[PDB]
Amino acid sequence: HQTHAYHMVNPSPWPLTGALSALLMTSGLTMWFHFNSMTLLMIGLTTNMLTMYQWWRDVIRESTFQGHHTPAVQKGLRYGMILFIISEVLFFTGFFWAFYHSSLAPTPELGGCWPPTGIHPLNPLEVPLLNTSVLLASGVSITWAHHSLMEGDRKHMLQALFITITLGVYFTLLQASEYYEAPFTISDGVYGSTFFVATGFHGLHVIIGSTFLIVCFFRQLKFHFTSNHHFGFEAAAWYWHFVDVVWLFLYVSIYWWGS
Amino acid sequence: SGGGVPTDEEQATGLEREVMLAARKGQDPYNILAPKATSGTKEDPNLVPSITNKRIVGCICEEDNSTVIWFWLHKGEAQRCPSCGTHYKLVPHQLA
Amino acid sequence: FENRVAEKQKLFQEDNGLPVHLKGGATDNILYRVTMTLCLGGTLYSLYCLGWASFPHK
Amino acid sequence: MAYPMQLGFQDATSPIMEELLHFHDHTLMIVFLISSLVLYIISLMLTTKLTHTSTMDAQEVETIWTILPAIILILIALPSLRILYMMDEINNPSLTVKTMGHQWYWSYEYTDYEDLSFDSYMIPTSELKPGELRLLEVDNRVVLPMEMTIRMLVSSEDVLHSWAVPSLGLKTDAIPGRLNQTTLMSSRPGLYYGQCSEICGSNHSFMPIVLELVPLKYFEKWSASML
Amino acid sequence: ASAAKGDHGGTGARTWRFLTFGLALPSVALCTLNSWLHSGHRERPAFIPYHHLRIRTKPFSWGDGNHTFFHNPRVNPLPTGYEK
Amino acid sequence: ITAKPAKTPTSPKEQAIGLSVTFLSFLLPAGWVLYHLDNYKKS
Amino acid sequence: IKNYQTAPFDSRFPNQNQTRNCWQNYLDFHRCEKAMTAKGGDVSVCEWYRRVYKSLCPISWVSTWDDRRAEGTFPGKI
Amino acid sequence: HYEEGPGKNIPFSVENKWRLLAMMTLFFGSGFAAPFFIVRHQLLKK
Amino acid sequence: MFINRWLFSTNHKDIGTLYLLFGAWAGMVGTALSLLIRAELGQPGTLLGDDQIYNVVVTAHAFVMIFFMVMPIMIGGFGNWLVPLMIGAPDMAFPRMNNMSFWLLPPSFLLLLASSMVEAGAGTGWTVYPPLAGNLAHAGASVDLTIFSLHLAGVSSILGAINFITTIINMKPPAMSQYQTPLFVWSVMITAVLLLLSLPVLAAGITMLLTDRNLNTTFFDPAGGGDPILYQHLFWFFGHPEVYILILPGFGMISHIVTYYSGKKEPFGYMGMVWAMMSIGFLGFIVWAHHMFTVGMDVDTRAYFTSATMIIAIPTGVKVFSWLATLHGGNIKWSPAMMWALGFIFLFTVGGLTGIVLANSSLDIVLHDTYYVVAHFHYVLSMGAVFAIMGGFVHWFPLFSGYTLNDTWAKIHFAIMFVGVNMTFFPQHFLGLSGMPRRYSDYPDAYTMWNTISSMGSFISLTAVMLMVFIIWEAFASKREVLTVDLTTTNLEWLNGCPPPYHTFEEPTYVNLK
Ligand SMILES: CCCCCCCCCCCCCCCCCC(=O)OCC(COC(=O)CCCCCCCCCCCCCCCCC)OC(=O)CCCCCCCCCCCCCCCCC
Ligand code: HEA
Ligand code: HEA
Ligand SMILES: CCCCC/C=C\C/C=C\C/C=C\C/C=C\CCCC(=O)O[C@H](COC(=O)CCCCCCCCCCCCCCCCC)COP(=O)(O)OCCN
Ligand SMILES: CCCCC/C=C\C/C=C\C/C=C\C/C=C\CCCC(=O)O[C@H](COC(=O)CCCCCCCCCCCCCCCCC)COP(=O)(O)OCCN
Ligand SMILES: CCCCCC/C=C\CCCCCCCCCC(=O)O[C@H](COC(=O)CCCCCCCCCCCCCCC)COP(=O)(O)OC[C@@H](O)CO
Ligand SMILES: CCCCCC/C=C\CCCCCCCCCC(=O)O[C@H](COC(=O)CCCCCCCCCCCCCCC)COP(=O)(O)OC[C@@H](O)CO
Ligand SMILES: CCCCCC/C=C\CCCCCCCCCC(=O)O[C@H](COC(=O)CCCCCCCCCCCCCCC)COP(=O)(O)OC[C@@H](O)CO
Ligand SMILES: CCCCCCCCCCO[C@@H]1O[C@H](CO)[C@@H](O[C@H]2O[C@H](CO)[C@@H](O)[C@H](O)[C@H]2O)[C@H](O)[C@H]1O
Ligand SMILES: CCCCCCCCCCO[C@@H]1O[C@H](CO)[C@@H](O[C@H]2O[C@H](CO)[C@@H](O)[C@H](O)[C@H]2O)[C@H](O)[C@H]1O
Ligand SMILES: C[C@H](CCC(=O)O)[C@H]1CC[C@H]2[C@@H]3[C@H](O)C[C@@H]4C[C@H](O)CC[C@]4(C)[C@H]3C[C@H](O)[C@]12C
Ligand SMILES: C[C@H](CCC(=O)O)[C@H]1CC[C@H]2[C@@H]3[C@H](O)C[C@@H]4C[C@H](O)CC[C@]4(C)[C@H]3C[C@H](O)[C@]12C
Ligand SMILES: C[C@H](CCC(=O)O)[C@H]1CC[C@H]2[C@@H]3[C@H](O)C[C@@H]4C[C@H](O)CC[C@]4(C)[C@H]3C[C@H](O)[C@]12C
Ligand SMILES: C[C@H](CCC(=O)O)[C@H]1CC[C@H]2[C@@H]3[C@H](O)C[C@@H]4C[C@H](O)CC[C@]4(C)[C@H]3C[C@H](O)[C@]12C
Ligand code: CUA
Ligand SMILES: [Cu+2]
Ligand SMILES: [Mg+2]
Ligand code: NA
Ligand SMILES: [O-]
Ligand SMILES: [O]
Ligand SMILES: [Zn+2]
């Protein structure tokens, strides 16, 4: 019998099926980009979701139902999640670097100016400003959600969390809308490239964060979270603030200054 | 304010519950805390709980030493650190 | 909704020597064998596609 | 050029490459000082039966072997940086030539007065005339006046290349959409060989550079003969 | 700064709900007002066939290979100018 | 470090066999490919 | 104001990257040539810019920038 | 429970030294051979 | 059982064992690619064909040796095996995620191998610079397969890094401070921090390269207002930290080996060795443009990057002197491992000193993209990283296996390899000053002699690689079981026997707070 507080995890097939699903998604993109075919990509996407679903299912089984998340285990998960966010900060930094590289030194081929000749930028005081207010508002509502949980208030937690998710979804539809209305494309040179790749990665992150809050919502409905033990929700909240802060830097850098 | 959110007291299970109960009775069966040292003499040895006949002891002989001295402590007479000579005695078991 | 968390604690702490990914019954086993089948199938398929692309076609 | 069993740099053809030779000698002297000192001290530590396996106290000797190295790096940095800023110095050149890298050959443009330009390809090994150097000879050499400051501008029209002439102490990368400047000053006439110094596809090994440095008068008539 | 508001008496759930409904969502409401009140089909920009735009080094691996993924014909010309 | 004697000792003759098989497993395939290089190029 | 051998040192462009030096003098020429035709004047005031741009700019760049002016796709403000 | 001790904490058997020689041969051998076959394959297309 | 044990592992020792097997195999692939390089250059003329198939081989050689041999053995292998045993931890913080780190690598390798099978392969160099790496000069799937291989390996190492940092911070004995962990553990925690901050910038860069090749972005295409130089910044911002990543776990192993075979209880100047590794980690993030001294940057930038690059010698120097001070008054055991460690100390110093020559932007003009640079980095990699790996491997093989190597054979192996790697790389300094470029399938006639000696050196190294496979076989065929280990009071990893049981520290260590 063990006299430490750490979790010895049952042998699991999900690491292997995640690794193999990574192969199927990267093969699949290669088959898509070059041999115009999506089959392999479709299978890899499917095995990826089935893996994410069963892996995180077991984590809930291990924590809520089997009680393996001692305070020691919980300290580890906090560190793991801060470290993952930090790695995502450095990822976005490459896209900010690329943008600042191009915009502070516009080449002759653009007309030696920013924005480039021929580019009609969005107004930052229109939908960009609305997007900004939707996300900042959602940071207030998720904070209310957190304090409600800590004070033991099920109804207000769910209400605040619901508002948070609605605002996340609103931001996504407004951004889809802006993408479609926009008079430049990803192919409109380095302005289009920096714009759609930076904002598009961020948008993907809004969707991942929204999904995570929705998982949190259904878990709260089923009384998984105690007033003291709810790390799944803390992680979702930290991730959401990250998505918020990244939007502010995008708004200031790309929408306001680089227009 | 409504309620509806369970407490740890109500809903904590397995080892989380065990660690939580044991904590309230000022006890540390899962070695979450640093044990406090005695004078470590023959008559006042460091008492080393173990659920078996032997347990690895690490002795930080002087504060701020960067090197821990490692040895197996067995059931029986008090043993000494090979380096500073402080005394350790294996006491029992039970824990869980 | 109702707090059935205690029901699930009982079920997932049963001492039946099943690993956590199989411990919720027949469905766990179905979902597992489907996942593992799509993975092994998709892998054989990707090696075949790789073989096909290693040779030119006129 | 390089000759068989060469150990060190090609003999200098410019003041800069001369100044680099002397700096390398300085640096290498120190490299020998340090590598030999470490080898001696190793054999020192391994050649005695005498032991002392108890704790040793660190903060006295830790001082020596932080501070000495620092002074040595200043002794290298000073000359290094003098030379660096001297290679960028305000030039006042008499001629501006452009080289444009391509897969796999160099083109050269002298466009101060006339639109003179030409392609420069490696002589194949099968077409070499006795005494001509495998992989080094071009069909159309880069003729330039000796003892004159020249502005060389380097770009490419496809992938990266790099325009190098070791003898004159020159390497400037050829990047499409960019104009990189270096300055060229031969102290002597002759032929001076370089090779493409950036991986650029199938024939990266087979697109070399030959300078022909001659007096201004001969340069003038060559230019005219070449339109 | 300290914003300009007032509170800091206690940062508990009531205070954060007060900010959600009293400030956060009202801001969303104003910015939604200002937005759907400044946009109504923006006069489509003239097509000059600039070479640093409508880049096509390789066909897209969807459609006819010449259309971006959120192609809007009202505002996005192909390299050969606008369609219908 | 101290050890028991070999439980299944490896005689000189047995090492000679094992070293030979080890070397030939590296050299024979490489050698085949390298030996036939020109038959490939003439294509 | 001549005896031109080649484009002199320009303190605006003191570093190894000379791309902008080629570009500025090419705009500077075609801007001057435009203003001296639009105000009926002497086009050869613009002559220095032409000498410096012809000296520094690759032929292929000048070719391309010229065809684009003709075509009305030139991105620089003239 | 999994088996403990020398020759037991490895995914390959060391029970018979000649069967082991045969495995190690295919293993290290397949790895060293691969680049030579890749180079042969590139020469036989182009 | 096999499947549960070996495909579904949550055990740090078994995952460690998977990493060592993968690394060893990859190492065979890399050795063969390195003989093809030297076969081509062993006499004047053409062996294979154009620089394209040559540079496919040269590119694969670097990717295999760096991502599939050195990083899996040192971080995945030694790191998973030893870090828990040295801090008295029952396993890693995230043992299931730890398994995925391992299983991402064979797919990663399959994609890189696939890249050399399809089309003309990726003859880009391991830097994969556009435009040569772009969709004209490298049309088709080879470069895309290479980008995707690098993605899977970057994810593997990022997940591994989060695991190691969390384990070393969160899972020590409660009384144990960070300043009471052994130097190997320090070395892995700092490597993990560099991986976490460096690899995501690579991922961004090669993603932007993927979109330029397939979604008509122009990040790096001047046609669209892009800049090939931007790719170089992003790549080297990762690329220089990557070489410190490759050597830090080796610095750690060397500290342990030199301490052990001197019969010292601890290395000289422990806190100075921690200070030096943190200083090397930090300085290695602010020097990247010393890889870009010929691209046309401002002289004042070139002066900064020269000066900043040189300061790294100071902390590195503290480590070298501390190793020699640990030897001082030692009861020296002339073990195979000790020979590896001394070879490291001298040969890494030479490679570091040629690194300092290259730090000079003025001199780097003439030495850039020549064999001088190749000689520098093979001194620190073939005779630094690889020497630390061999030293660690023969030291700790009995811990992993329960069996001993034949020491006489191990010494014969070191002697052969020492001659081979020095005969291969020493002459390359001459080739470089004399101006022989990198990435050339063939060279002017004057360069013949040094290329012939170098190529001959590489065949001696092959004989050593072959002898090692035999040496490992002999140990498992003979079955000399370990009885007794010296100096276990200061080497916790040995204290559970050889090999340690599946579960170690089910009952944690006892350590008093005093
Ligand atoms: C030690 C290494 C590993 C041991 C294993 C064996 C292999 C290792 C070799 C190891 C034997 C070392 C021999 C020293 C090379 C002498 C060349 C020289 O004077 O170099 C001068 C220059 C420039 O040359 C010139 O511009 C003027 C040269 C004049 C030439 C005219 C006549 C030509 C004479 C014929 C020479 C034939 C070539 C023979 C050259 C040999 C070919 C293989 O070349 C260079 O920069 C090359 C320098 C490369 C930088 C590497 C750092 C080396 C330091 C560490 C070594 C340990 C030393 C510690 C203190 C000393 C104790 C060792
Ligand atoms: C483990 C791998 C490794 C390590 C540890 C290093 C260490 C160093 N490297 Fe190296 N390097 C590479 C791997 C490595 N490098 C690789 C792979 C490339 C090629 C990239 C490519 O493919 O293009 C490269 C390229 C490279 C370049 C680019 C050259 C060019 O492309 O033109 C430069 C320039 O500064 C450089 C410098 C240094 C410096 C200053 C150190 C320092 O860290 C060395 C410090 C050590 C010492 C100095 C010795 C110990 C110190 C003392 C004994 C103290 C006393 C000494 C003095 C006072 C001087 N390296
Ligand atoms: C760690 C990295 C690493 C290692 C070890 C090596 C090892 C070798 N390398 Fe390589 N090399 C590179 C990384 C490495 N190299 C890189 C990054 C480049 C630049 C690529 C580019 O320009 O794009 C390069 C370039 C390069 C060139 C220049 C190519 C050119 O410019 O055309 C040459 C030419 O000789 C060369 C040769 C060799 C040789 C003969 C060895 C021999 O020493 C090999 C001997 C074999 C070993 C050292 C392996 C032994 C160890 C094992 C098999 C592990 C076993 C482990 C266990 C059992 C646990 N290398
Ligand atoms: C271009 C311009 C350039 C200018 C550049 C100049 C400066 C940059 C700006 C800022 C940085 C300046 C200095 C930073 C240095 C140190 C600050 C030290 C503060 C500190 O450390 O204080 C601690 C933290 O303070 C805390 O968070 C704060 C606690 C606040 C309590 C009192 C606040 C009362 C103010 C009014 C309340 C407003 C209501 C807010 C709610 C509505 C929202 C609008 C004290 O914590 P404690 O005792 O545990 O409290 C517990 C009680 N609950
Ligand atoms: C609400 C916003 C969020 C949208 C999400 C839903 C569906 C879109 C699909 C994929 C988006 C996901 C990832 C982001 C990647 C690339 C940037 C794409 C951003 C985007 O969506 O931008 C669009 C371009 O999409 C295009 O063409 C490209 C279409 C997509 C092609 C698939 C790209 C896949 C390759 C990405 C590489 C993955 C590697 C990641 C590394 C992992 C970590 C190591 C813009 O539309 P447009 O018509 O050009 O201009 C508008 C004209 N009015
Ligand atoms: C981060 C917090 C600390 C503060 C950081 C401050 C340091 C650097 C950032 C600010 C520097 C901008 C200064 C701009 C002034 C000059 C404008 C300019 O133009 O610089 C340009 C480069 O800027 C560029 O992209 C710059 C792109 C940025 C590259 C640096 C990458 C660092 C990333 C790591 C940070 C991680 C921390 C995360 C923070 C939340 C290009 O150079 P030029 O030489 O002009 O090219 C033309 C030549 O022909 C002229 O000779
Ligand atoms: C076309 C669209 C494609 C999109 C594909 C991706 C889609 C969706 C991904 C959504 C993310 C969902 C993650 C949910 C994880 C649920 C498991 C969980 O949350 O587990 C919790 C622990 O957290 C833990 O392990 C921590 C779990 C951390 C997970 C966070 C990671 C987010 C990962 C995103 C990665 C992508 C990044 C972008 C790269 C391109 C359990 O502990 P507690 O909550 O304290 O409970 C215990 C109490 O009951 C006790 O009484
Ligand atoms: C097409 C382009 C290629 C794409 C390649 C994609 C690669 C792989 C896809 C398959 C991965 C999805 C499957 C889910 C992974 C779950 C990770 C996780 O959730 O791991 C958790 C810990 O990490 C933590 O907290 C925090 C860490 C959360 C990590 C997020 C996991 C997703 C991996 C994405 C990494 C992206 C990196 C971003 C920078 C590029 C749990 O630890 P375990 O060891 O499980 O158990 C511990 C037990 O005590 C719990 O009861
Ligand atoms: C790190 C995570 C990476 C995730 C990568 C996600 C994979 C990319 C998703 C691609 O999604 C598909 O894109 C196709 C684009 O090919 C769409 O159909 C396309 O196919 C038809 C013909 O090919 C056209 O007529 C349609 O207009 C066109 O939208 C298709 O509906 C859509 O599902
Ligand atoms: C860098 C790694 C390379 C290391 C050097 C390898 C040394 C060569 C040892 C093994 O090579 C064998 O040599 C034979 C040549 O002697 C080849 O047979 C070939 O040559 C014979 C005629 O000379 C014929 O009898 C055979 O049938 C014909 O296939 C055979 O295929 C090859 O395996
Ligand atoms: C069902 C549950 C009551 C507590 C319980 O389940 O026992 C209540 C409390 C909070 C409710 C939700 C929140 O009030 C947020 C939403 C409020 C809107 O009126 C729409 C429904 C809405 C999405 C609600 C759905 C559902 O009625 C919830 C989830
Ligand atoms: C446990 C083992 C996994 C084997 C592995 O990981 O290599 C099992 C799990 C599910 C099994 C698969 C499915 O249950 C059923 C499939 C149909 C046939 O029974 C054989 C192939 C088939 C595709 C199976 C192969 C293999 O027996 C699998 C993959
Ligand atoms: C004070 C600190 C740690 C002390 C401890 O708590 O053990 C020590 C560890 C290593 C020391 C440093 C290293 O010994 C290297 C340098 C040595 C010089 O003699 C002084 C500065 C120098 C930079 C030292 C300053 C300071 O004494 C450090 C940083
Ligand atoms: C290399 C990088 C630009 C990257 C890019 O062009 O995209 C630039 C951006 C900021 C620059 C630095 C800052 O301008 C501050 C310093 C200015 C000094 O004149 C040179 C060193 C100095 C430390 C610079 C070095 C280098 O040129 C940096 C780091
Ligand atoms: Cu041009 Cu190499
Ligand atoms: Cu570097
Ligand atoms: Mg280069
Ligand atoms: Na050759
Ligand atoms: O480097
Ligand atoms: O380096
Ligand atoms: Zn003691």
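Residues numbered from 1 in each chain as written, not as in the entry; some residues may be left out. Chains lettered and ligands numbered in written order. Part of a larger assembly, values for the part shown. Heavy atoms only, no water.

For this deposited structure, the header cites X-ray crystallography as the method used and 2.50 Å as the resolution.

Draft legend 1. Spatial organisation of the overall build of chain E. Within chain E, the secondary structure is distributed over one helix and zero strands. The principal-axis extents of the C-alpha atoms in chain E amount to approximately 65 × 30 × 25 Å. Relative to all contacts within chain E whose residues are 6 or more apart in sequence, the contacts with residues 24 or more apart total 38%. For chain E, the accessible area works out to roughly 5700 Å², and carbon and sulfur atoms hold 62% of it. In chain E, the 10 positive side-chain charges and the 4 negative ones have mean positions that sit 3 Å from each other. (Helix = DSSP H or I, 4+ residues; strand = E, 2+ residues; numbered from the N terminus. Contact = heavy atoms within 4.5 Å. Areas by Shrake-Rupley, 256 points an atom, 1.4 Å probe, with all protein chains shown as cover. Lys, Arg positive; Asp, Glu negative; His and termini not counted. Charge placed at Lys NZ, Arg CZ, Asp CG, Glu CD.)

Draft legend 2. Summary view of the coordination of the sodium ion (ligand 18). Residues and elements named next belong to chain I. Taken together, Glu-40 (O), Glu-40 (OE), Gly-45 (O) and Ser-441 (O) make up the full set of protein donors to the sodium ion (ligand 18), lying 2.2 to 2.3 Å away. Here the donor residues of the sodium ion (ligand 18) are spaced in sequence according to E-x4-G-x395-S. Placement of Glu-40 in helix α2 (residues 12-41) and of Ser-441 in the loop between α16 (428-433) and α17 (448-478) is noted, with a sequence separation of 401 residues between them. Across the pair, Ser-441 and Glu-40 agree in class, each one buried. (Donors = N, O, S within 2.8 Å, 3.2 Å for Na, K, Ca; no water. Buried < 20%, exposed > 50% of the residue type's maximum accessible area, 1.4 Å probe, protein only.)

Draft legend 3. Highlighting the interface of chain I and chain D. The interface is formed by 84 residues belonging to chain I together with 73 residues belonging to chain D. Approximately 6800 Å² of surface area, both sides summed, lies buried where chain I meets chain D, with 67% of it carried by carbon and sulfur atoms. A salt bridge links I:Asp445 to D:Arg134; the nearest nitrogen and oxygen atoms lie 2.8 Å apart. Here chain I and chain D share 24 residue pairs in polar contact between them. For the side of chain I that touches chain D, the secondary-structure elements that each account for two or more residues are α3 (51-87), α8 (228-260), α10 (299-311), α11 (313-327), α12 (336-359), α13 (361-367), α16 and α17 of chain I. Class assignment for the residues of the side of chain I that touches chain D results in 45 nonpolar, 28 polar and eleven charged. (Buried area = accessible area lost by both parts, 1.4 Å probe. Salt bridge = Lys/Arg side-chain N within 4 Å of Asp/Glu carboxyl O. Polar contact = N/O pair within 3.5 Å; in protein donor to acceptor, adjacent residues only side chain to side chain. Nonpolar A, V, L, I, M, F, W, Y, C, P; charged D, E, K, R; others polar.)

Draft legend 4. Representation of the arrangement of the chains. Of all 19 pairs of chains in contact, the one with the most contacts involves chains D and I. No interface is formed between chain B and chain D, the nearest pair of C-alpha atoms being 11 Å apart. Regarding chain D and chain E, the two do not touch, and the least distance separating their C-alpha atoms is 13 Å.

Draft legend 5. Geometry of empty space enclosed by the protein. Residue and element names in this part refer to chain I. If you walk through the whole model with that rule in mind, you get ten cavities of 30 Å³ or more. Looking at the largest cavity, its volume works out to about 320 Å³. Among the elements that line the lining of the largest cavity, the one with the most residues is α8, at four residues. (1 Å grid on protein atoms, 1.4 Å probe; cavity = no way out; pocket = protein on both sides within 12 Å on 5 of 7 lines; lining within 4 Å. Points joined across faces, edges and corners; volume = space filled by probe spheres on them.)

Draft legend 6. A look at the coordination of the iron atom of ligand 2. Residues and elements named next belong to chain I. For the iron atom of ligand 2, the sole protein-derived donor is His-376 (NE2), lying 2.1 Å away. The metal-metal distance between the iron atom of ligand 2 and the copper ion (ligand 16) is 4.8 Å. Topologically, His-376 is positioned in helix α14 (residues 371-401).

Draft legend 7. Fine view of the interface of chain A and chain E. Contacts between the two partners involve 43 residues from chain A, matched on the other side by 39 residues from chain E. Summed over both sides, the interface between chain A and chain E buries roughly 3300 Å², with carbon and sulfur atoms accounting for 64% of that surface. Considering only the surface of chain A that becomes buried against chain E, A:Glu126, A:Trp144 and A:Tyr180 emerge as the three largest contributors, covering 17% of it. Inspection of the region where chain A meets chain E yields two salt bridges. Salt-bridge contacts for A:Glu126 lead to E:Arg42; the nearest nitrogen and oxygen are separated by 3.0 Å. Viewed at the interface, chain E and chain A are joined by 14 residue pairs in polar contact.

Draft legend 8. Main features of the site of ligand 5. The full set close to ligand 5 counts 16 residues, and A:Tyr179, A:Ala182, E:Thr68, E:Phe70 and E:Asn76 are the nearest of them. Positioned at a junction of chains, ligand 5 has nearby residues supplied by chains A, E and I. Surface burial for ligand 5 is 80%, taken as the share of its 1200 Å² of free accessible area covered by protein chains. Elements supplying a minimum of two residues to the shell around ligand 5: α5 (154-181) of chain A together with α6 (142-170) of chain I. For the shell around ligand 5, the class distribution of residues is eleven nonpolar, five polar and no charged. (Near = heavy atom within 4 Å.)

Draft legend 9. Inspection of the packing of aromatic side chains at higher detail. In total, this model carries 105 aromatic pairs over all chains according to the counting rule given. Here the aromatic rings of E:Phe47 and E:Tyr82 are separated by 6.5 Å at their centres, their planes lie at 70 degrees, and the arrangement is edge-to-face. Residue E:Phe47 is found in the segment after α1 (13-35), and its partner E:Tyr82 is found in the segment after α1; the two are separated by 35 residues along the sequence. When its relative accessible area of 29% is taken as the criterion, E:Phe47 is described as partly exposed. The interplanar angle of 75 degrees and the centroid separation of 5.6 Å between the aromatic rings of I:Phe397 and I:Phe476 together place this pair among those described as edge-to-face. Placement of the pair is I:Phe397 in helix α14 and I:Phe476 in helix α17, with a sequence separation of 79 residues. (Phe/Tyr/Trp six-rings, centres within 6.5 Å; stacked < 30°, edge-to-face > 60°.)

Draft legend 10. Up close: the packing of helix α2 (residues 39-65) of chain A against helix α2 (residues 26-53) of chain C. The contact between α2(A) and α2(C) brings their axes to 10 Å, and the two run at 145 degrees. Of the two possible hands of crossing, α2(A) and α2(C) adopt the one that is left-handed. Each of A:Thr39, A:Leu40, A:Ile43, A:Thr46, A:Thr47, A:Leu50, A:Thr51, A:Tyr53, A:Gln54, A:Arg57 and A:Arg61 in α2(A) lies in contact with α2(C), whose residues at this interface are C:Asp28, C:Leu31, C:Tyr32, C:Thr35, C:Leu38, C:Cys39, C:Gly42, C:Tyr45 and C:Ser46. Split into classes, the residues belonging to the contact of α2(A) with α2(C) amount to nine nonpolar, eight polar and three charged. (Axes fitted to C-alpha atoms, helices over the stretch in contact; angles between N-to-C directions. Left-handed = near helix turned anticlockwise from the far one by under 90°.)

Draft legend 11. Examining the sheet that holds strand β5 (residues 87-92) of chain B more closely. All names here are of chain B. Across the sheet, which stays open at both edges, the three strands sit in the order β1-β5-β4 with mixed pairing between neighbours. Two strands lie at the open edges of the sheet, namely β1 (46-50) and β4 (79-80), each paired on one side alone. Judged from the two bridges that link them, β4 and β5 form a sheet pairing that is antiparallel. From the neighbouring strand, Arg-80 faces β5, where its bridge partner is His-87. (Pairing = 2+ DSSP bridges.)

Draft legend 12. Representation of the UniProt feature "domain: CHCH" in chain G in the model. Look at the UniProt record and you will see "domain: CHCH" annotated at residues 19-65 of chain G. Along residues 19-65 of chain G one finds 79% helix and 0% strand; the C-alpha atoms at either end are 14 Å apart. (UniProt positions renumbered as here; feature names shortened; annotations may be inferred.)

Draft legend 13. Region of the structure containing the state of the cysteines. All names here are of chain G. All told, the structure shown has two disulfides over all chains when counted by the stated rule. The disulfide bridge from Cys-22 ends at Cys-57, spanning 2.1 Å between sulfur atoms. Taking the torsion about the S-S bond as the criterion, the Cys-22 to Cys-57 disulfide, at about 115 degrees, is right-handed. A residue pair is termed long-range when its members are at least 10 positions apart, and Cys-22 in helix α1 (residues 19-38) and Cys-57 in the loop between α2 (47-56) and α3 (59-71) qualify at 35 residues. In this structure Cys-57 comes out as buried when scored by relative accessible area, which is 1%. The disulfide that involves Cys-32 links it to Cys-46, with 2.0 Å between the sulfurs. (Disulfide = S-S within 2.5 Å.)

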